[PDB]
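Accompanying notes for the structure given below.
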Amino acid sequence: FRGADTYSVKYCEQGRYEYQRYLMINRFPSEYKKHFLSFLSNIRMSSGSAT
Amino acid sequence: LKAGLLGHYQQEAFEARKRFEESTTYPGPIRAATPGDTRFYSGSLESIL
Amino acid sequence: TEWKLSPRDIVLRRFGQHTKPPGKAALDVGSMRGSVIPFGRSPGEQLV
Amino acid sequence: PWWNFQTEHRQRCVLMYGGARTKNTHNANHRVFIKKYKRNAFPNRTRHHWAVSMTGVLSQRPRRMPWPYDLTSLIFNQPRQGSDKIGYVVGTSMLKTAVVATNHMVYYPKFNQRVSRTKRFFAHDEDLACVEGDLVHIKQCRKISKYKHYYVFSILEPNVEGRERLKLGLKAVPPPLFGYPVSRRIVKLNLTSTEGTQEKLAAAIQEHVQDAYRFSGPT
Amino acid sequence: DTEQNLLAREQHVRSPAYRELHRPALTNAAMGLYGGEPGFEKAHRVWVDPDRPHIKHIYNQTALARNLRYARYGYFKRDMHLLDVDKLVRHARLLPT
Amino acid sequence: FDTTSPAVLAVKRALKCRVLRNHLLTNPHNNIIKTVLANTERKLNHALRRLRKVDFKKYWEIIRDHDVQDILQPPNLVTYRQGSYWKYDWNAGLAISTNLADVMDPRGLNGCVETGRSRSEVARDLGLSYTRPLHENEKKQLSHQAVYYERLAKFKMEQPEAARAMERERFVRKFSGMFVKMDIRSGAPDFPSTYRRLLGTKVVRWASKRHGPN
Amino acid sequence: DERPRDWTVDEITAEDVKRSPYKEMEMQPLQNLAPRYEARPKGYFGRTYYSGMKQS
């Protein structure tokens, strides 16, 4: 069963990240505020012995 | 609702809108009022804290 | 001139107002008991 | 070879539980129905159970499934299913709550057809502008009341006749003359004089006595 | 002259025969069990007044409780000695000349 | 040479319905005129329902002039409850027929996609008022909110020895309750619907599991 | 002192502010919070990424 089965040449000649299509992932504006505040808090973490 | 009548409605959504911008005369740019706050955030209920 | 129409006699169907029902135009899902295939089960049938 | 989705689901089940599925689940078992009650004396008022009833929400026959391709998916780009909806206002008897009837599609693959079902939602309008007859666009939100998690985002089409009838001091929509009945018994309207109501009451109580006599059965 | 005709109607409404005749439908807990017993598996006969109804939407269009056909003239020909012709002219279907 | 305008076709159907009703009055045993009247009334309903959407001023003039205000009413409540009476406007191609600039102000009819504000909050931030003409009960609902607050505040100021006992027994009933711990069961919005398997054999407080549209 | 030192119209006041709002910097390092990474995978859990359950 499928002992000799080959795939296309396009799969092994493609570059990286060229298959990803542009998707417009919309969300709620409260989720926009929550994710923006979470990313702003994660960026502003002080550099201690854990970061 | 019936989705097959959507695109013809889109033509009406064109044919009214192009009718609007040629009918009325814009007097001038109205100044922008500041937006308030909505009480309809998504997700669960937040706290008063 | 005048319109003496009353909508109560229209809705409640006074004077025996009879609307003829359509002919087998029910189109419900519960009565159907057959699997629908494109071109039917036997598409080209010739009566010999 | 290109494996199907069932291979991926089996891989997920193997990585979760250690194994895919124990074998011999069919067993061809003869499920026999043993009746206990009398012939037309089942203890229910609407649905009388007399056969083996299948149990299952999405694994029953004839098979249904939600059909995500409708007007709402064509108009609105949604973050999740049921976030934005478009419907009609049918009831404004509650304060700050518009009853919005919306439609969705259910797919039957056996008959290969989609059908439109209707769901009623309670939406919120603060300034009391929604009139019965408005094509409105509602959106999901937080819990406002026990049955209010939607709100009127936009009025896509206002009912002009309803607003003009409200300006006249009338109702926005004239109320229907038909509706839900009160019993399966034929609700006869009693039109009698003020003196002929006692004999009509005697006839009604005699009819109720004969309906109770139906408990006796033969003779 | 109209106060007597109003007050007789208001005293006829508050009479015990009118309130017993226009009782609402009996509930399933008032009739008895969940069903199976003949005569007690449904409610009893409900009579409504067409001018002062104790239910909303007197008529309906259901499959089994359909009652618009029973509102026409002829079902009130059974009791013409007790009949009120004012409500007969106002509330009946297919009345003759 | 115009005879097919909707305002003309509607009054033609209404005059035809008047003629058929006047024939059925003097001769109620004519069975063909019954069916013709039942078809002409449905066609009159269709003509007036399209006239309401394509030219509202002439429709309102026809409604006002001939003493027929409720000629466009839903027949059945059960069909009206599911929005099938208003689905006629979408299915016939009449949903975008009314010009919004000539009737209302369309700035406060659309919510904000950027800020997520509602339809009412955008008009609130613009200083516009969109409120339907209320009835007496709808004004009684909004006017009697302050009256009970002034009554309860006057009772708290005027009878302290009774208000203190009422608040004390209310706090005793609140504090000593069994389900006072905030949990998933106490935090559910609909307890008979989420936990419906307890309503038969365990909980006798709720006799049914359905109270709303959910 | 019942009025806080940084009282604006939007009524957002810090309890441990201890400084005039004109003296404090606009952006500073946050030492009170803790950096947290994603610990719950949605659809991908293991050996072979076929689809990843991206619709979920």
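Quick note on naming: the chains in the structure tokens go A, B, ... in the order shown, residues restart at 1 in each chain, and ligands are numbered from 1 in order of appearance.
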
Practice task
Name the residues in contact with residue 203 in chain D at a cut-off of 12 Å, using only C-alpha atoms, excluding same-chain residues fewer than 2 positions from it; report them as a list in words.
Solution key: residues 190, 196, 197, 198, 199, 200, 201, 205, 206, 207, 208, 209 and 210 of chain D; 21, 45, 47, 78, 79 and 82 of chain E

Could you produce a table of the residues of chain B lying within 12 Å of chain A, with the nearest pair of atoms per residue and their separation in Å rounded to one decimal, using only C-alpha atoms, ordered by chain and increasing residue number, as a tab-separated table?
```
residue	atom	partner	partner_atom	distance
B:37	CA	A:30	CA	11.2
B:38	CA	A:30	CA	9.8
B:39	CA	A:30	CA	10.4
B:40	CA	A:30	CA	8.8
B:41	CA	A:30	CA	5.5
B:42	CA	A:30	CA	6.2
B:43	CA	A:31	CA	8.5
B:44	CA	A:30	CA	11.2
B:46	CA	A:30	CA	11.5
```

Task: Interface, chain D side, toward chain B (10 Å; only C-alpha atoms) as a VMD selection string - done: chain D and resid 69 to 75 83 86 to 88 102 to 105 116 to 118 124 139 to 144 149 to 151 153

Using N, CA, C and O atoms, can you export the residues from the last selection as a short mmCIF file (atom, residue, chain, number, x, y, z; two decimals), in the first residue's frame?
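Ended up saving to selection_17.cif:
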```cif
data_model
loop_
_atom_site.label_atom_id
_atom_site.label_comp_id
_atom_site.auth_asym_id
_atom_site.auth_seq_id
_atom_site.Cartn_x
_atom_site.Cartn_y
_atom_site.Cartn_z
N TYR D 69 -22.27 28.96 5.91
CA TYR D 69 -22.25 29.81 4.72
C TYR D 69 -23.65 30.39 4.53
O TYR D 69 -24.55 29.73 4.01
N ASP D 70 -23.82 31.64 4.94
CA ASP D 70 -25.11 32.31 4.87
C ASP D 70 -24.86 33.80 4.66
O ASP D 70 -23.76 34.21 4.27
N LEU D 71 -25.89 34.62 4.91
CA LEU D 71 -25.78 36.06 4.71
C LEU D 71 -24.84 36.71 5.72
O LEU D 71 -24.11 37.65 5.38
N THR D 72 -24.82 36.19 6.95
CA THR D 72 -24.02 36.78 8.01
C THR D 72 -22.53 36.60 7.76
O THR D 72 -21.73 37.53 7.96
N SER D 73 -22.13 35.41 7.29
CA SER D 73 -20.73 35.18 6.94
C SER D 73 -20.33 35.91 5.67
O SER D 73 -19.14 36.20 5.48
N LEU D 74 -21.29 36.22 4.79
CA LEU D 74 -20.98 36.99 3.59
C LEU D 74 -20.82 38.47 3.90
O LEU D 74 -20.02 39.15 3.23
N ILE D 75 -21.55 38.99 4.88
CA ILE D 75 -21.47 40.42 5.20
C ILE D 75 -20.38 40.68 6.23
O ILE D 75 -19.46 41.46 5.98
N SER D 83 -20.93 36.14 16.72
CA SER D 83 -20.56 37.41 17.33
C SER D 83 -21.41 38.56 16.79
O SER D 83 -22.02 39.30 17.56
N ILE D 86 -27.59 39.86 12.22
CA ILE D 86 -28.51 40.82 11.62
C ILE D 86 -29.91 40.23 11.65
O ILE D 86 -30.12 39.10 11.18
N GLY D 87 -30.85 40.97 12.20
CA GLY D 87 -32.19 40.45 12.35
C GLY D 87 -33.23 41.54 12.34
O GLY D 87 -32.95 42.69 11.98
N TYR D 88 -34.44 41.17 12.75
CA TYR D 88 -35.57 42.10 12.76
C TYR D 88 -36.12 42.23 14.17
O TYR D 88 -36.17 41.26 14.93
N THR D 102 -33.42 36.42 14.40
CA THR D 102 -32.36 36.20 13.44
C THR D 102 -32.49 34.80 12.86
O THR D 102 -33.16 33.94 13.43
N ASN D 103 -31.84 34.57 11.73
CA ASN D 103 -31.91 33.29 11.03
C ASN D 103 -30.53 32.68 10.88
O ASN D 103 -29.52 33.38 10.77
N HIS D 104 -30.49 31.35 10.88
CA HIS D 104 -29.28 30.59 10.61
C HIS D 104 -29.64 29.40 9.72
O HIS D 104 -30.82 29.11 9.49
N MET D 105 -28.62 28.72 9.22
CA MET D 105 -28.80 27.64 8.25
C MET D 105 -28.33 26.32 8.84
O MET D 105 -27.24 26.25 9.41
N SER D 116 -33.54 27.21 6.82
CA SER D 116 -33.40 28.41 7.63
C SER D 116 -34.19 28.23 8.92
O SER D 116 -35.42 28.13 8.89
N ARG D 117 -33.49 28.19 10.04
CA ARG D 117 -34.12 28.20 11.36
C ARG D 117 -34.00 29.59 11.97
O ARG D 117 -33.15 30.40 11.58
N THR D 118 -34.85 29.85 12.96
CA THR D 118 -34.98 31.18 13.55
C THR D 118 -34.66 31.11 15.04
O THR D 118 -35.15 30.22 15.74
N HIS D 124 -29.96 45.07 23.72
CA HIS D 124 -30.02 46.22 24.62
C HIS D 124 -29.95 47.51 23.82
O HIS D 124 -29.06 47.68 22.98
N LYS D 139 -24.65 42.80 18.15
CA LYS D 139 -23.33 42.25 18.42
C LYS D 139 -23.30 41.63 19.81
O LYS D 139 -24.05 42.02 20.70
N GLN D 140 -22.41 40.65 19.97
CA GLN D 140 -22.19 40.02 21.27
C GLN D 140 -21.52 40.99 22.23
O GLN D 140 -20.78 41.89 21.83
N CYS D 141 -21.77 40.77 23.52
CA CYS D 141 -21.20 41.60 24.57
C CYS D 141 -21.18 40.79 25.86
O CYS D 141 -21.33 39.57 25.84
N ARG D 142 -20.99 41.49 26.98
CA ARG D 142 -21.02 40.88 28.30
C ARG D 142 -22.45 40.49 28.67
O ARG D 142 -23.42 40.79 27.97
N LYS D 143 -22.57 39.82 29.82
CA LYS D 143 -23.88 39.54 30.38
C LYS D 143 -24.48 40.82 30.95
O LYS D 143 -23.92 41.42 31.87
N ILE D 144 -25.60 41.26 30.38
CA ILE D 144 -26.32 42.42 30.87
C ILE D 144 -27.45 42.02 31.81
O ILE D 144 -27.59 42.57 32.90
N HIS D 149 -27.18 39.08 26.31
CA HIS D 149 -25.75 39.15 26.01
C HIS D 149 -25.49 39.73 24.62
O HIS D 149 -24.37 39.60 24.11
N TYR D 150 -26.49 40.36 24.01
CA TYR D 150 -26.34 41.05 22.74
C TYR D 150 -26.76 42.50 22.92
O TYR D 150 -27.47 42.86 23.86
N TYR D 151 -26.30 43.35 22.00
CA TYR D 151 -26.69 44.75 22.00
C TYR D 151 -26.83 45.25 20.57
O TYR D 151 -26.13 44.78 19.67
N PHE D 153 -26.01 47.17 17.74
CA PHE D 153 -24.86 47.94 17.28
C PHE D 153 -25.27 49.02 16.29
O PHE D 153 -24.75 50.13 16.34
#
```

Near range 164-173 of chain D, within 7 Å and counting only C-alpha atoms, which residues show up once chain neighbours fewer than 5 positions away are dropped, as a VMD selection string? (chain D and resid 132) or (chain F and resid 73 133)

Expected file: the selected residues, N, CA, C and O atoms, as a short mmCIF file (atom, residue, chain, number, x, y, z; two decimals), in the first residue's frame:
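To be explicit, this is the file written out as out_30.cif:
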```cif
data_model
loop_
_atom_site.label_atom_id
_atom_site.label_comp_id
_atom_site.auth_asym_id
_atom_site.auth_seq_id
_atom_site.Cartn_x
_atom_site.Cartn_y
_atom_site.Cartn_z
N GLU D 132 -40.45 48.04 16.67
CA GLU D 132 -40.77 46.75 16.07
C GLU D 132 -40.95 46.90 14.57
O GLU D 132 -41.87 47.57 14.10
N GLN F 73 -51.54 44.43 9.17
CA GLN F 73 -51.29 43.82 10.46
C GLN F 73 -50.90 42.36 10.27
O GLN F 73 -51.35 41.71 9.32
N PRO F 133 -41.72 57.77 20.48
CA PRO F 133 -42.77 58.33 21.34
C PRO F 133 -43.37 57.29 22.27
O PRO F 133 -44.02 56.33 21.82
#
```

**Q.** Shell of 12 Å around range 1-13 of chain G, only C-alpha atoms, local chain residues under 2 positions omitted, as a PyMOL selection string
**A.** (chain B and resi 36-37+49) or (chain G and resi 15-24)

Would you mind exporting the chosen residues as a PDB file, in the first residue's frame, restricted to N, CA, C and O atoms?
```pdb
ATOM      1  N   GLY B  36     -17.033  58.717  23.802  1.00  0.00           N
ATOM      2  CA  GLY B  36     -17.214  58.298  25.179  1.00  0.00           C
ATOM      3  C   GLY B  36     -16.708  56.893  25.418  1.00  0.00           C
ATOM      4  O   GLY B  36     -15.774  56.420  24.761  1.00  0.00           O
ATOM      5  N   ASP B  37     -17.332  56.211  26.370  1.00  0.00           N
ATOM      6  CA  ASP B  37     -16.975  54.845  26.719  1.00  0.00           C
ATOM      7  C   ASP B  37     -18.186  53.941  26.550  1.00  0.00           C
ATOM      8  O   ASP B  37     -19.309  54.321  26.892  1.00  0.00           O
ATOM      9  N   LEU B  49     -12.698  46.812  40.656  1.00  0.00           N
ATOM     10  CA  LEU B  49     -11.331  47.188  40.989  1.00  0.00           C
ATOM     11  C   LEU B  49     -10.559  47.653  39.759  1.00  0.00           C
ATOM     12  O   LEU B  49      -9.624  48.451  39.881  1.00  0.00           O
TER      13      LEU B  49
ATOM     14  N   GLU G  15      -2.541  55.013  44.004  1.00  0.00           N
ATOM     15  CA  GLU G  15      -2.574  55.109  45.457  1.00  0.00           C
ATOM     16  C   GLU G  15      -1.186  55.335  46.044  1.00  0.00           C
ATOM     17  O   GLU G  15      -1.048  56.045  47.046  1.00  0.00           O
ATOM     18  N   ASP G  16      -0.159  54.750  45.433  1.00  0.00           N
ATOM     19  CA  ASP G  16       1.231  54.869  45.868  1.00  0.00           C
ATOM     20  C   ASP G  16       2.038  55.778  44.949  1.00  0.00           C
ATOM     21  O   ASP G  16       3.176  55.460  44.596  1.00  0.00           O
ATOM     22  N   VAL G  17       1.455  56.903  44.527  1.00  0.00           N
ATOM     23  CA  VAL G  17       2.068  57.719  43.482  1.00  0.00           C
ATOM     24  C   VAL G  17       3.275  58.491  44.025  1.00  0.00           C
ATOM     25  O   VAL G  17       4.369  58.425  43.451  1.00  0.00           O
ATOM     26  N   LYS G  18       3.092  59.226  45.131  1.00  0.00           N
ATOM     27  CA  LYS G  18       4.138  59.930  45.890  1.00  0.00           C
ATOM     28  C   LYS G  18       4.909  60.968  45.070  1.00  0.00           C
ATOM     29  O   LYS G  18       6.029  61.339  45.440  1.00  0.00           O
ATOM     30  N   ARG G  19       4.341  61.465  43.971  1.00  0.00           N
ATOM     31  CA  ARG G  19       5.047  62.408  43.114  1.00  0.00           C
ATOM     32  C   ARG G  19       4.022  63.210  42.324  1.00  0.00           C
ATOM     33  O   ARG G  19       2.923  62.726  42.045  1.00  0.00           O
ATOM     34  N   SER G  20       4.375  64.453  42.010  1.00  0.00           N
ATOM     35  CA  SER G  20       3.571  65.238  41.087  1.00  0.00           C
ATOM     36  C   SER G  20       3.610  64.591  39.704  1.00  0.00           C
ATOM     37  O   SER G  20       4.639  64.024  39.316  1.00  0.00           O
ATOM     38  N   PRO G  21       2.507  64.631  38.946  1.00  0.00           N
ATOM     39  CA  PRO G  21       2.513  64.005  37.612  1.00  0.00           C
ATOM     40  C   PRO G  21       3.391  64.717  36.599  1.00  0.00           C
ATOM     41  O   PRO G  21       3.760  64.105  35.589  1.00  0.00           O
ATOM     42  N   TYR G  22       3.741  65.982  36.832  1.00  0.00           N
ATOM     43  CA  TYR G  22       4.667  66.679  35.952  1.00  0.00           C
ATOM     44  C   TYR G  22       6.117  66.294  36.209  1.00  0.00           C
ATOM     45  O   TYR G  22       6.970  66.541  35.352  1.00  0.00           O
ATOM     46  N   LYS G  23       6.411  65.698  37.363  1.00  0.00           N
ATOM     47  CA  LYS G  23       7.771  65.294  37.697  1.00  0.00           C
ATOM     48  C   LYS G  23       8.102  63.886  37.227  1.00  0.00           C
ATOM     49  O   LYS G  23       9.252  63.617  36.863  1.00  0.00           O
ATOM     50  N   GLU G  24       7.124  62.984  37.229  1.00  0.00           N
ATOM     51  CA  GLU G  24       7.366  61.589  36.892  1.00  0.00           C
ATOM     52  C   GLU G  24       7.550  61.413  35.389  1.00  0.00           C
ATOM     53  O   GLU G  24       7.044  62.195  34.581  1.00  0.00           O
TER      54      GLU G  24
END
```

Could you pull the residues within 7 Å of range 17-34 of chain C, counting only C-alpha atoms, minus those fewer than 6 positions along the same chain, as a PyMOL selection string? (chain D and resi 111) or (chain F and resi 34-35+37-39)

Per residue of chain G within 6 Å of chain A, note the shortest atom pair and the distance in Å to one decimal, counting only C-alpha atoms, and order the rows by chain and increasing residue number, as a tab-separated table.
```
residue	atom	partner	partner_atom	distance
G:29	CA	A:44	CA	5.2
G:30	CA	A:45	CA	5.2
G:31	CA	A:46	CA	5.4
G:35	CA	A:42	CA	5.6
```

Given a cut-off of 10 Å, which residues of chain D touch chain C, counting only C-alpha atoms, written out as a ChimeraX atom specification? /D:62,108-115,176-178

Margin query: Excluding range 40-51 of chain G and its own-chain neighbours fewer than 6 positions away, which residues fall within 8 Å of it when counting only C-alpha atoms? Please give them as a PyMOL selection string.
Written below: chain D and resi 8+12+15

Residues of chain C in alpha helix (DSSP H) according to DSSP, as a list in words? residues 7, 8, 9, 10 and 11 of chain C

Per-residue nearest contacts of chain C to range 9-16 of chain F (10 Å; only C-alpha atoms) as a Markdown table:
```
| residue | atom | partner | partner_atom | distance |
| --- | --- | --- | --- | --- |
| C:2 | CA | F:15 | CA | 9.3 |
| C:3 | CA | F:15 | CA | 7.6 |
| C:4 | CA | F:15 | CA | 9.9 |
| C:5 | CA | F:14 | CA | 8.3 |
```

Practice problem: At a cut-off of 10 Å, list the chain F residues touching chain C, using only C-alpha atoms, as a ChimeraX atom specification. | Solution: /F:11,14-15,17-18,21-22,24-25,27-39,41-42,65-76

So which one's closest to chain F, E:29, E:71, E:76, E:43? Using only C-alpha atoms, please.
->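 Residue with the minimum atom-to-atom distance to chain F: E:29.
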
Excluding same-chain residues fewer than 6 positions from residue 38 in chain E, what lies within 9 Å of it counting only C-alpha atoms, as a CSV table (one decimal) with N, CA and C atoms, in the first residue's frame?
```csv
chain,number,residue,atom,x,y,z
D,41,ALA,N,-52.7,4.4,27.0
D,41,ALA,CA,-52.6,4.9,28.4
D,41,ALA,C,-51.2,5.2,28.8
D,211,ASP,N,-67.0,14.8,30.0
D,211,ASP,CA,-65.6,14.6,29.8
D,211,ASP,C,-64.9,13.8,31.0
D,212,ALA,N,-65.4,14.0,32.2
D,212,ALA,CA,-65.0,13.2,33.3
D,212,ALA,C,-65.6,11.8,33.2
D,213,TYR,N,-66.8,11.7,32.7
D,213,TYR,CA,-67.4,10.4,32.4
D,213,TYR,C,-66.6,9.5,31.4
D,214,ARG,N,-65.9,10.2,30.6
D,214,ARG,CA,-65.0,9.4,29.6
D,214,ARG,C,-63.9,8.6,30.4
D,215,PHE,N,-63.6,8.9,31.6
D,215,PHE,CA,-62.7,8.1,32.4
D,215,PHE,C,-63.3,6.7,32.7
D,216,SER,N,-64.6,6.5,32.7
D,216,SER,CA,-65.3,5.3,33.0
D,216,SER,C,-65.1,4.2,31.8
D,217,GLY,N,-65.0,4.7,30.6
D,217,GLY,CA,-64.8,3.8,29.5
D,217,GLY,C,-66.1,3.3,28.9
```

If you count only C-alpha atoms, the residue of F:112, F:60, F:3, F:96 closest to chain A turns out to be F:112

So that each row is one residue of chain E with an atom at most 6 Å from chain D, can you give its shortest atom pair and the distance in Å to one decimal, using only C-alpha atoms, rows by chain and rising number, as JSON lines?
```
{"residue": "E:21", "atom": "CA", "partner": "D:201", "partner_atom": "CA", "distance": 5.4}
{"residue": "E:34", "atom": "CA", "partner": "D:44", "partner_atom": "CA", "distance": 5.0}
{"residue": "E:35", "atom": "CA", "partner": "D:43", "partner_atom": "CA", "distance": 4.3}
{"residue": "E:36", "atom": "CA", "partner": "D:41", "partner_atom": "CA", "distance": 3.8}
{"residue": "E:38", "atom": "CA", "partner": "D:215", "partner_atom": "CA", "distance": 4.8}
{"residue": "E:39", "atom": "CA", "partner": "D:212", "partner_atom": "CA", "distance": 5.2}
{"residue": "E:45", "atom": "CA", "partner": "D:185", "partner_atom": "CA", "distance": 5.9}
{"residue": "E:46", "atom": "CA", "partner": "D:187", "partner_atom": "CA", "distance": 5.4}
{"residue": "E:47", "atom": "CA", "partner": "D:188", "partner_atom": "CA", "distance": 5.5}
{"residue": "E:48", "atom": "CA", "partner": "D:189", "partner_atom": "CA", "distance": 4.8}
{"residue": "E:49", "atom": "CA", "partner": "D:190", "partner_atom": "CA", "distance": 5.5}
{"residue": "E:57", "atom": "CA", "partner": "D:179", "partner_atom": "CA", "distance": 5.1}
{"residue": "E:59", "atom": "CA", "partner": "D:178", "partner_atom": "CA", "distance": 5.0}
{"residue": "E:60", "atom": "CA", "partner": "D:178", "partner_atom": "CA", "distance": 4.6}
{"residue": "E:65", "atom": "CA", "partner": "D:184", "partner_atom": "CA", "distance": 4.6}
{"residue": "E:67", "atom": "CA", "partner": "D:186", "partner_atom": "CA", "distance": 5.5}
{"residue": "E:82", "atom": "CA", "partner": "D:196", "partner_atom": "CA", "distance": 4.6}
{"residue": "E:83", "atom": "CA", "partner": "D:192", "partner_atom": "CA", "distance": 4.6}
{"residue": "E:84", "atom": "CA", "partner": "D:192", "partner_atom": "CA", "distance": 4.7}
{"residue": "E:87", "atom": "CA", "partner": "D:191", "partner_atom": "CA", "distance": 6.0}
```

Select all residues from chain E having any atom no more than 9 Å from an atom of chain F (counting only C-alpha atoms, ignoring ligands), output as a PyMOL selection string. chain E and resi 57+60-61+94-97

**OP:** With a distance threshold of 10 Å and counting only C-alpha atoms, extract the residues of chain F near chain B and express them as an NGL selection string.
**Re:** :F and (84 or 87 or 90-101 or 112 or 115-118 or 120-122 or 124-127)

Could you save those same residues with C-alpha atoms as a JSON list (two decimals), in the first residue's frame?
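For reference, part-v2.json as written:
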```
[["chain", "number", "residue", "atom", "x", "y", "z"],
["F", 84, "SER", "CA", -41.60, 36.16, 9.35],
["F", 87, "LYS", "CA", -39.03, 38.99, 6.37],
["F", 90, "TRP", "CA", -36.19, 41.47, 2.79],
["F", 91, "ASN", "CA", -37.59, 38.76, 0.51],
["F", 92, "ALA", "CA", -39.36, 41.24, -1.80],
["F", 93, "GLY", "CA", -36.33, 43.51, -2.23],
["F", 94, "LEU", "CA", -37.55, 46.46, -0.14],
["F", 95, "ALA", "CA", -35.10, 46.65, 2.78],
["F", 96, "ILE", "CA", -33.01, 49.60, 1.52],
["F", 97, "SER", "CA", -35.92, 51.50, 0.01],
["F", 98, "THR", "CA", -36.37, 54.34, 2.52],
["F", 99, "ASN", "CA", -34.08, 57.35, 2.14],
["F", 100, "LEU", "CA", -32.43, 57.99, 5.51],
["F", 101, "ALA", "CA", -31.43, 61.61, 4.85],
["F", 112, "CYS", "CA", -18.56, 52.87, 15.81],
["F", 115, "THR", "CA", -14.21, 52.12, 19.48],
["F", 116, "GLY", "CA", -16.91, 49.45, 19.63],
["F", 117, "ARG", "CA", -19.58, 51.87, 20.85],
["F", 118, "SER", "CA", -23.25, 51.04, 20.43],
["F", 120, "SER", "CA", -27.02, 54.81, 21.27],
["F", 121, "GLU", "CA", -23.57, 55.80, 22.56],
["F", 122, "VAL", "CA", -22.50, 57.36, 19.25],
["F", 124, "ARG", "CA", -24.96, 60.26, 22.97],
["F", 125, "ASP", "CA", -21.48, 61.55, 22.10],
["F", 126, "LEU", "CA", -22.99, 63.68, 19.29],
["F", 127, "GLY", "CA", -25.74, 65.25, 21.39]]
```
